[PDB]
Structure formats: structure tokens, C-alpha cells
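One structure is given below, encoded as C-alpha cells.
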Amino acid sequence: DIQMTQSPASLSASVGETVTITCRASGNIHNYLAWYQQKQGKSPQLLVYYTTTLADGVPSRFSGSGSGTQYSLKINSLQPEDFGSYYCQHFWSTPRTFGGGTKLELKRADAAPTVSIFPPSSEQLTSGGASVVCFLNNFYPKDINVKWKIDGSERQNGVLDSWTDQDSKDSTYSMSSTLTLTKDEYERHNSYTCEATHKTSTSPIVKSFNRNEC
Amino acid sequence: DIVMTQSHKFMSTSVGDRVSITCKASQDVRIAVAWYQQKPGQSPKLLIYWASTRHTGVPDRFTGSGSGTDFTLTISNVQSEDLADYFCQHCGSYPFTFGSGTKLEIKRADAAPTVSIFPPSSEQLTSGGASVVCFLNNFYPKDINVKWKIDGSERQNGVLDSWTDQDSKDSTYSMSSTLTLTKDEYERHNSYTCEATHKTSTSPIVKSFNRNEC
Amino acid sequence: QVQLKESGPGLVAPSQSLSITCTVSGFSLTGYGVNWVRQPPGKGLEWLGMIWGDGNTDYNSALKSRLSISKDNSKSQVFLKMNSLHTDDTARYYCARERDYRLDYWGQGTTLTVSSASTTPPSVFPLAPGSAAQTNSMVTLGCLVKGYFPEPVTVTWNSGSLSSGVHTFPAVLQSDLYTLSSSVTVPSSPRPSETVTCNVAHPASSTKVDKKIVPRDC
Amino acid sequence: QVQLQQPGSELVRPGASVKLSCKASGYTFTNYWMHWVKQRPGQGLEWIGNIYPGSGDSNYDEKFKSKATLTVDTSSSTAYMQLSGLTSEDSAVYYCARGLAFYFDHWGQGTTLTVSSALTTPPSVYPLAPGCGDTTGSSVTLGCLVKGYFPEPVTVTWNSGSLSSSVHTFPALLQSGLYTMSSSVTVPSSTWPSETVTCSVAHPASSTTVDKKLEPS
Numbered sequence: 001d002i003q004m005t006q007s008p009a010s011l012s013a014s015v016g017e018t019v020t021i022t023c024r025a026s027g028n029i030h031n032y033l034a035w036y037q038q039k040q041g042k043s044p045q046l047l048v049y050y051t052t053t054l055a056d057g058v059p060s061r062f063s064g065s066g067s068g069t070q071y072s073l074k075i076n077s078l079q080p081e082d083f084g085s086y087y088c089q090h091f092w093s094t095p096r097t098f099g100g101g102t103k104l105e106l107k108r109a110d111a112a113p114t115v116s117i118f119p120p121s122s123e124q125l126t127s128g129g130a131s132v133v134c135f136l137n138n139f140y141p142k143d144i145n146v147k148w149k150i151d152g153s154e155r156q157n158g159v160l161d162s163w164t165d166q167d168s169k170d171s172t173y174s175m176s177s178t179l180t181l182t183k184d185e186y187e188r189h190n191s192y193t194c195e196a197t198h199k200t201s202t203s204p205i206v207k208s209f210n211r212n213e214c
Numbered sequence: 001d002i003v004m005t006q007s008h009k010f011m012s013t014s015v016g017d018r019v020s021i022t023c024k025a026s027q028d029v030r031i032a033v034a035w036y037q038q039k040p041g042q043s044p045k046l047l048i049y050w051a052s053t054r055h056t057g058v059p060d061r062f063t064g065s066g067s068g069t070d071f072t073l074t075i076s077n078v079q080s081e082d083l084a085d086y087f088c089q090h091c092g093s094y095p096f097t098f099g100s101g102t103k104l105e106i107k108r109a110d111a112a113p114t115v116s117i118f119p120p121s122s123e124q125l126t127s128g129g130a131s132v133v134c135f136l137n138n139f140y141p142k143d144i145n146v147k148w149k150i151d152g153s154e155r156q157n158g159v160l161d162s163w164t165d166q167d168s169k170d171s172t173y174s175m176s177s178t179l180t181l182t183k184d185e186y187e188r189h190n191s192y193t194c195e196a197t198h199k200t201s202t203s204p205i206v207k208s209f210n211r212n213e214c
Numbered sequence: 001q002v003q004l005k006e007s008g009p010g011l012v013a014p015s016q017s018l019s020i021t022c023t024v025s026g027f028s029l030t031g032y033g034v035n036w037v038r039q040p041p042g043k044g045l046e047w048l049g050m051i052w053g054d055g056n057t058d059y060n061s062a063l064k065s066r067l068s069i070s071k072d073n074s075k076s077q078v079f080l081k082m083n084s085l086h087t088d089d090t091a092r093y094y095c096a097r098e099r100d101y102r103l104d105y106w107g108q109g110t111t112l113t114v115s116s117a118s119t120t121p122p123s124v125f126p127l128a129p130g131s132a133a134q135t136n137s138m139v140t141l142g143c144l145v146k147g148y149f150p151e152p153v154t155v156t157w158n159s160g161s162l163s164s165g166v167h168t169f170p171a172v173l174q175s176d177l178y179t180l181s182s183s184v185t186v187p188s189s190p191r192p193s194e195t196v197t198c199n200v201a202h203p204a205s206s207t208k209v210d211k212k213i214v215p216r217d218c
Numbered sequence: 001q002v003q004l005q006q007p008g009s010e011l012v013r014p015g016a017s018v019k020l021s022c023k024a025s026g027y028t029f030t031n032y033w034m035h036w037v038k039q040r041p042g043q044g045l046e047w048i049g050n051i052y053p054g055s056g057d058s059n060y061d062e063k064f065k066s067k068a069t070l071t072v073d074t075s076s077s078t079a080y081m082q083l084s085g086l087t088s089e090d091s092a093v094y095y096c097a098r099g100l101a102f103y104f105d106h107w108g109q110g111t112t113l114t115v116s117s118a119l120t121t122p123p124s125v126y127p128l129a130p131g132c133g134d135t136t137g138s139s140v141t142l143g144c145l146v147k148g149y150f151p152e153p154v155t156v157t158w159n160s161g162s163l164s165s166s167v168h169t170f171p172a173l174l175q176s177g178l179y180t181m182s183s184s185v186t187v188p189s190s191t192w193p194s195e196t197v198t199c200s201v202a203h204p205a206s207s208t209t210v211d212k213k214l215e216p217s
């Protein structure tokens, strides 16, 4: 089997930059190499084939080269659309092999989250559930901190966070935070708080709500 | 190395027939095979690639087939103008190897040669040589035999035979036989005969001259 | 026009067998090969095997013993059968058309979750603001899709007519149950005056929930 | 549109080098591999190597590793192959072809390279009229013996170009390190000798142009 080694595993680059992704084969693959771009849980898309040939409608800024066992893909003048993973694959013998992938993120100016705290809806209350949901949308960079404060007391349980891939348009990230309690545990308190700790500030972006108001 | 073998050097077909040139690869080469046409005194042209993908402008008389070790190029309704040489190419790995080539010979009715013997020119003799020429033109099939008898002596020495490629205009063959002697060799004789043997006659076609008849 | 569509069971218990069909359209399986590729969650692409135009098949060295590939040219089907599954076989499965040493058309893929856990429909709740909120130029609404299994779920706004400012967040797995949420941001001119609905579909359950984001009138 | 311009012939001496060229036109030179293929006199095809203009990656048949060197001139869209230490068995048609990495879809014309110690010599053309011992029918065959010339080629045209009336040119053959070739035109006896028949032989290599009007007896 010919093993493919892709490097680096990740890249961060600004619009206009040049990115070099490498792929090494453990045996000569005689120019039988393809490159794919993959956006968040969508089917991989063929970019380049037979080492150097661009697939129809792939822009000229993509450029593959190599021979033997050494191959490369360069993105000259990156565009926001270029985020995602890239994979190389040899087509020389069977088994075919994919390199491990490269996750490319576009850098952009820092931007602070816009937060929204949501009280549990009647429907859940009835079920005996109490999920407090907080959205921190459109922030860059990806690192953000969220403290959950129930009556000033910070919680470190029953909280679920989930991030978004980078946004195709403004290259931004978004996140959700869900604190789930049992209806009674919930009714047993009054100030519910979501406190965002993000690089763009020295003072937490706090959002709170009170159990008996609208 | 992969050896691409075209076992037949010639292929006889009639204008209007179907012809099929096979190419066999020394090992499984899946579909990495191409087919080129070389009309006499011109550069090869691409007909088929990836074993059966016809190229732009190749008339559909041409079709490619095969996966593995056995490839076939099939010309349907063989035109006269398909009279050319056909090579198979392997693309699986470097270096690319080619098949021996298969020349396509157009079938015609038999034709006996029109022979002509020519004495060494006055001008040539002045400068000491003696080339006696003999044209055996416009016959078919190409299997013809020639021998020079100088006063009963079959001289097969200093003889150059030069064969024409099948003509497009009438699918015949023509040839020249030259007996290059030095003026002294020539002067020491009178009977010069061009004896050609071809399936059209049981009789050797004999064209002769006698040094002194002038 | 060229289309590859895969179909499989979504959930299988470990130690069982899996059968996935790839139905192709717009091309004939005698001129192209179909490859099978799998993607474990958060991992890279892994080649499973292939079937060439001429019916010859090739398999991944490590799965050679559990895998079988075959097709039906007449029916436009390629089939993958994997025996003795493990949880590690959980991945999104794809079939892709190989046109002369390049995979040019890929299927959408089919998620396969290898587990003993069971199908549970999602519980959909609207995420509405509070009186405080209509003072800004835009409002963010949401949908909680709690306790469902297995993945995936499709969340849509106004039957797909609301695509701008929609953020759907990937599912998180708590205890054999998934929780997902999506937010949509709309101009305060529209909600509440105009209706905003969150359509949530869970295929594995024949669940098709629609929720109207109504103002918390309290 | 896609044009691959290669010079017609090259004459070099044993042990020397030559840098064959191929000027490309009608396509983005840097997006297609450039291949080099040899063809020995009435034989098979041999792939030497390929080069990707855009990056300079190249693949060679090891047989030619020390002999062929592929190079490119981005600025003029010209591909070059330099052959070193030519021996006689390096004489042939060298074609350039562009394509994808694996097959070639456009070929150049070819450069026929002669590797010889031979001296550029002009040809001696002798007319061949039916000799004494006559028996003229309705047709007559005339010829021109073209000999002792080097290097190849010669262009034999029959009478004012007009005479293509069954002309037959035979391939040239090396005899004693010099070429010899013949051409024959068959015409109606109602025209020669009553009208002139001249074969005109041209030898570019030495600028020589000869005219031979055919006379009876």
C-alpha cells in the first residue's frame, strides 16, 4: 500500500495570502494525485487531478505540482471561500489512500459576540425540564469563555456548548451554551446569567434574566 | 517494464469493412491506454485515451475497448484515408511504453507491374559510373521479387531496391531496382536484364537491353 | 444530472452486519468505477474499496475480511456489505464516481451510527426573547431540539424561506441523546407581527415538528 | 490554434550536442505538460520524458537520463530538449507533444536530426529516357536518378510542377555514405518527345537547384 502524508494539519491565513499544503507518498505515484476541498459536512469537491489539472470551474489560484513522491497544492491569494479541509489522494494502485487533511481557517479582525439568553419555555417546564439557552454569535477569534451564573453562583455542570464552523461570508464564529436544570431546581432560584469572556474585552459580556419577568 | 505488444505488423481490410487492432499489455493496466494514428510522413495524432474515450474530432468509426491486458481499436467502415499506422500507448506508470504499431493496408485487386529498364545515362558514364535502373511500377500485392542478370550472370550485388508505400490514389505499390556499376564493369558487357516475379504471372516479367544496339 | 445517492439503515447494533446501496443516475456503471469512502465524525476520509467498470473489485487492506462490494449494471446499483460492525464503524458513508483516475461526483452521504441505544424523536421548544428585546433593530429567536437519537436532524426556518442569519449548531451527545439548537436573527419589523416557524425533521423517527416562535406573553 | 513549431532538420557531428526547440502557440503554455518522443527511421515511438512548464517537475525514461535535458522558457512559450554526446544512433525524428501528464493531444511537426561526420554534398541528377531498342506504346515512363547527395532531403518536382501525371518518388538510400534516390513520371507518348519533360531536383542543404530536360535515345 502507498501511504500519503499530508502536512501541516492546520493553517490560519489572511485573505490575499499564499498557502502551501504538502503531500508525500511512500512510493512513486507517478503524478496520479488528486486534491479535494471539503466544507463542513458536505461531500468533498474535486479541485485538482493528475497532479496539475484544474477541475472545471475551479479558479486559477489553486495550483498543484509534484512528481515521484513529493507533491504540493498552493492557494495563491486566498479568498474567504477557501476555508475547509483539503485532502490529497493517490490513484496509482489499490488501495487508494487519502492524506490526513489540512484544516484552513481565514484570519480576520477580532469581533465580539452578540449574546442572547433565553428562559426555559412553558413547554419544557411542563415536561419538568428547564433549559436556559445562551447564544454568543459572530465573534472572531474562536476562543471564548462562558461562565454560567445562577444567583451569582457559577455552575460547572449540565452545560453544553457547541461551536459553528467559520462563516463563509464574514469569517466569523458562533456558539451556543445550554444549561439544563429540572423545573424545580430552576424555580428554586432567580438570576440566571451567561457571561462571555472573550479576548476582545477585559470585562465580561454578561447577559442575565430574572425568573418572573418578561 | 510494461511491454505493449501489437502482434500484427500489417492489417488488410477493404474500404467498407470493420478492422480491429488489438494491443496486449504484459500485466493488468486497468484502463491506462491511448491510441495514436500516424499517417505516413506526419506526426501521430490522438484517437483514444483512458482506453475508450474518443478525442475531439476523431470520427466515430473509431472506437476503443478494453480493461486489463487486452485493448482493441476498431475502425468501422474503413475509409481509404484511415490507411496509416496505429500505436497503443500505456499511461499507468513512467516511462510510457508504446506498442509496435500496426499498419493498415487497403485491399485491392491484383495488378502486375509495368516494368521499365534504363541504361546508364551518357552523362553518368562520362564521370565514370554506371547505374542501370529498373522501375517495377503500379502492382499489387506488395510481394514481388527482383534479380539482375548481366549476360546470364545473376548479379545481385550493388543492387538497391526502394519500395514505395501503398499509394492513396490506387492502393498499388511501385519500386525501383538500381544496379550501380563502375563504367568498366558496364563496358565489359552487353545483356542487361531486369527480371521480376509476381503472382500475376507465372512468367518472370523481363525487361532487357543490350549495351550495343547503339 | 449525474447523481449518486446512498441509502442505508442509520443505526445498527454492534456485532451486526451493514448493507448500504448506492443508486446512480445519469451514467452507466460499465464505463465508470464507483469507490466507497467513509468519514468518521471529526476525522479524515478513509477509502473502503471500489468496483471498476469491468466488475473487478478492490478493498482496503484492513477491511478486506469484513467487506464485500458488488453491483448491478442493469439496476444502476453498487452495494457495500460490512460484517461484524463495531462502534468505530460509525461514520458518514459515501459512494463516488471515478471518471478516469479522479472522483468527480460524490453522493451526499449517509450517516451510520453504530449503537445499542435507540431511536428517540426530538423534543422541539421555541426560544422567544422577553419584552425587553423589541427595542433593538433586530431580534434573535431560536429552537431547542432536545433528547433525540440517532443523528441527523434537519432544522429549517419558515419552510426554508428564512436562510439569512440562521446559525444551526452541531448536535452534542449528552447520554445517548442529542441536543441541537438553531438561532435566526430577523429585523424587529417582522416578528411578532409576522410569523416565524422552526421546522425540525428527524428522519430516523418519521418526526416532522413545526414550532411557531410566539412572544412570551407574560 | 494550438501550434507546436519545431525546426525541420538539424545536422550535427558525432560527439556533439544540440538543443532542439518547440515554440508553442494558442494555449496557456504553463498549464500543460510538454512531452518529447523519438521515432527511429521507420520504427517505433519512444517517450523520452515530460516536463511541467509551470513548476519544472519532470519525468524521464532512465535510458535517456544522461542524454536528454528538458527545459522551458516561460517568457517565450518554448520547450527545449538538449541531447548530449550524439552518436549516429541518435539520428531520428524528435517530436514534442503537449498534453496532460499521461497522454499527448497535440504534436509538433518533428525535427529530423542527422548525426554524421558526412560532408554536405550536392546531388548529381541524371535523366532516364527509354534507351535504344525502342518499342514506344501509348505511354512512356521517364525518370531522374538523383545521387551522391548529403544530407537528406531533396525535392524532385516534375516539369513545371504540372507533371504530377503518375509521378513516383522512391525513398532515398545511403550508398557509400551518400544518398541516392530516383523519381519516375509516366506520360502519354503523344506528349514526350513532342514536348519538354524536365525533372527539377532541389537540395536545400546546399542550396542546389538542378534542371534536367529528358532527351531521346
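Residue numbers (PDB author numbering), protein chains in the order written: chain C, 1 to 214; chain A, 1 to 214; chain D, 1 to 218; chain B, 1 to 217.
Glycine included, C-beta positions come from ideal geometry on N, C-alpha and C.
Pair every Cβ in the segment 146-157 of chain C with every Cβ in the segment 95-105 of chain C, then say whether three or more of these pairs are closer than 8 Å.
no
Tell me, please, whether the CB atom of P141(C) is closer than 8 Å to any CB atom in chain D?
One-based indexing of the first sequence puts residue 141(C) at position 141. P141(C) does not count as touching chain D.
Have a look at the DSSP bridge pairing and note the partners of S183(D).
Numbered from its first residue, the third sequence carries residue 183(D) at position 183. According to DSSP, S183(D) bridges with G142(D) and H167(D).
Taking C-beta pairs closer than 9 Å, name the residues in chain D that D170(C) reaches, listed in chain order.
Position 170 of the first sequence, counting from 1, holds the residue named residue 170(C). Neighbours of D170(C) on chain D: none; closest Cβ ~11 Å, over 9 Å.
Looking at the C-beta of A117(D), does it have a partner C-beta in chain C at a distance below 8 Å?
Residue mapping note: residue 117(D) aligns to position 117 of the third sequence, counting from 1. Closer than 8 Å: no.
If you measure from the beta carbon of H30(C) to each beta carbon in chain A, is any gap under 8 Å?
To locate residue 30(C), count along the first sequence from 1; it is residue 30. Chain A contact via Cβ: present.
Hey, does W36(D) have any beta-carbon neighbour from chain A nearer than 8 Å?
Position 36 of the third sequence, counting from 1, holds the residue named residue 36(D). By this cut-off, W36(D) is not an interface position.
Report the neighbours of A34(C) on chain D: residues whose CB is nearer than 8 Å to its CB, in chain order.
Locating residue 34(C) in the first sequence gives position 34, where the first residue counts as 1. Simply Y101, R102 and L103.
Since I believe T113(D) is in contact with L177(D) (beta carbons under 8 Å), could you give me their beta-carbon distance rounded to a whole number of angstroms?
One-based indexing of the third sequence puts residue 177(D) at position 177. One-based indexing of the third sequence puts residue 113(D) at position 113. That belief does not hold up - the Cβ atoms of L177(D) and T113(D) are roughly 12 Å apart, past 8 Å.
Would you report the Cα separation of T168(D) and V200(D), rounded to the nearest angstrom?
One-based indexing of the third sequence puts residue 168(D) at position 168. One-based indexing of the third sequence puts residue 200(D) at position 200. The alpha-carbon atoms of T168(D) and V200(D) are separated by roughly 11 Å.
Counting only the same chain and skipping the five closest in sequence on each side, list residues whose C-beta sits under 6 Å from that of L214(B).
Residue numbering aside, residue 214(B) sits at position 214 when the fourth sequence is read from its first letter. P127, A129, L142 and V197.
Determine which residues of the segment 20-45 of chain A have a Cβ less than 9 Å from any Cβ of chain B, and write them out in chain order.
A32, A34, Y36, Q38, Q42, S43, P44 and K45
May I ask which residues mark the beginning and end of the beta strand (DSSP E) holding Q38(C)?
Taking the first residue of the first sequence as position 1, residue 38(C) is located at position 38. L33 to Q38 is the extent of the beta strand (DSSP E) around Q38(C).
Mapping the DSSP letters down to three states, classify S76(B) as helix, strand or coil.
For the purposes of this step, residue 76(B) is taken as residue 76 along the fourth sequence, with counting starting at 1. In the structure shown, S76(B) falls within a helical segment according to DSSP collapsed to helix, strand and coil.
Does the beta-carbon distance from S43(C) to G109(D) come in below 8 Å?
As a working mapping, residue 43(C) is identified with position 43 in the first sequence. As a working mapping, residue 109(D) is identified with position 109 in the third sequence. Result yes, Cβ atoms of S43(C) and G109(D) sit closer than 8 Å.
Bridge partners of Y178(D), per DSSP?
Looking up residue 178(D) in the third sequence gives position 178. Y178(D) is bridged to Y148(D) and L173(D).
Less than 8 Å between the CB atoms is what I'm expecting for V125(B) and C144(B), so what's the real figure, rounded?
The sequence position of residue 125(B) within the fourth sequence is 125, counting from 1. The sequence position of residue 144(B) within the fourth sequence is 144, counting from 1. About 5 Å; that satisfies the 8 Å criterion.
Which class does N138(C) belong to by DSSP, given the choice of helix, strand or coil?
Sequence index remark: in the first sequence, residue 138(C) carries index 138 (1-based). DSSP places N138(C) in strand when its eight states are reduced to three.
For the candidate residues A16(B), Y52(B), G44(B) and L45(B), whose alpha-carbon lies nearest to that of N31(C)?
Residue mapping note: residue 31(C) aligns to position 31 of the first sequence, counting from 1. Comparing Cα positions, the closest option is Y52(B).
If you check the beta carbons only, do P113(C) and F139(C) fall under 8 Å apart?
Translated into the one-based positions of the first sequence, residue 113(C) becomes position 113. Translated into the one-based positions of the first sequence, residue 139(C) becomes position 139. Judged by their CB atoms, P113(C) and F139(C) are nearer to each other than the 8 Å cut-off.
From this set, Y60(B), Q82(B) and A172(B), which residue's C-alpha is nearest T111(B)'s C-alpha?
Within the fourth sequence, numbered from 1, the residue matching residue 111(B) stands at position 111. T111(B) has its Cα closest to that of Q82(B), out of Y60(B), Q82(B) and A172(B).
Just by C-beta distance, which residues in the segment 28-55 of chain D are closer than 8 Å to chain A?
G31, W52, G53 and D54
Relative to the C-alpha of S191(A), which candidate in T182(A), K207(A) and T56(A) has its C-alpha closest?
If you number the second sequence from 1, residue 191(A) lands on position 191. Of the candidates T182(A), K207(A) and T56(A), the one whose C-alpha sits nearest the C-alpha of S191(A) is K207(A).
Given that a residue counts as buried once 16 or more other Cβ atoms are within 10 Å of its Cβ, and exposed if not, what is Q42(A)?
Looking up residue 42(A) in the second sequence gives position 42. Per the 10 Å Cβ criterion, exposed.
Is the Cβ of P216(B) closer than 8 Å to any Cβ of chain A?
What you label residue 216(B) is simply residue 216 of the fourth sequence in a count that begins at 1. For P216(B), the nearest beta carbon of chain A is not closer than 8 Å to its own beta carbon.
Which residues share a DSSP beta bridge with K207(A)?
The residue you call residue 207(A) lines up with position 207 of the second sequence. Answer is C194(A).
Ends of the alpha helix (DSSP H) at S116(C)?
Here the question's residue 116(C) lines up with position 116 in the first sequence. The continuous stretches of alpha helix (DSSP H) do not include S116(C), which lies in the beta strand (DSSP E) extending over residues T114 to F118.
I'd like to know whether the C-beta of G92(A) is nearer than 8 Å to at least one C-beta of chain D.
For the purposes of this step, residue 92(A) is taken as residue 92 along the second sequence, with counting starting at 1. Taking Cβ atoms only, chain D never reaches closer than 8 Å to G92(A), which makes this a no.
Quick one: residues in its chain with C-beta nearer than 8 Å to the C-beta of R54(A), no 5 flanking neighbours on either side, listed in chain order?
Along the second sequence, one-based indexing puts residue 54(A) at 54. Closer than 8 Å at Cβ, skipping near neighbours: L47, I48, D60, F62, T63 and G64.
Taking C-beta to C-beta, are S174(A) and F135(A) nearer than 8 Å?
Within the second sequence, numbered from 1, the residue matching residue 174(A) stands at position 174. Within the second sequence, numbered from 1, the residue matching residue 135(A) stands at position 135. Yes, the Cβ-Cβ distance between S174(A) and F135(A) is below 8 Å.
CA-CA distance, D28(A) and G68(A)?
Stepping through the second sequence from its first residue, residue 28(A) is reached at position 28. Stepping through the second sequence from its first residue, residue 68(A) is reached at position 68. Their backbone Cα atoms lie some 5 Å apart in a straight line.
Using a Cβ-Cβ cutoff of 7 Å, what residues of the segment 125-144 of chain A are near chain B? List them in chain order.
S131, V133, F135 and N137
Short check: CB of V184(D) to CB of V166(D), under 8 Å?
Start at 1 with the first residue of the third sequence, and residue 184(D) comes out as number 184. Start at 1 with the first residue of the third sequence, and residue 166(D) comes out as number 166. Contact: yes.
So, is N60(D) buried or exposed, given that buried needs 16 or more other C-beta atoms within 10 angstroms?
Stepping through the third sequence from its first residue, residue 60(D) is reached at position 60. Under this definition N60(D) is a buried residue.
Which residue or residues does DSSP assign as beta-bridge partners of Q3(D)?
Stepping through the third sequence from its first residue, residue 3(D) is reached at position 3. Looking at the DSSP output, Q3(D) sits in a beta bridge with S25(D).
Could you say which of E89(B), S66(B), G44(B) and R98(B) lies nearest to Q5(B) if we only look at CA atoms?
Here residue 5(B) corresponds to residue number 5 of the fourth sequence, with the count starting at 1. Answer by Cα proximity: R98(B).
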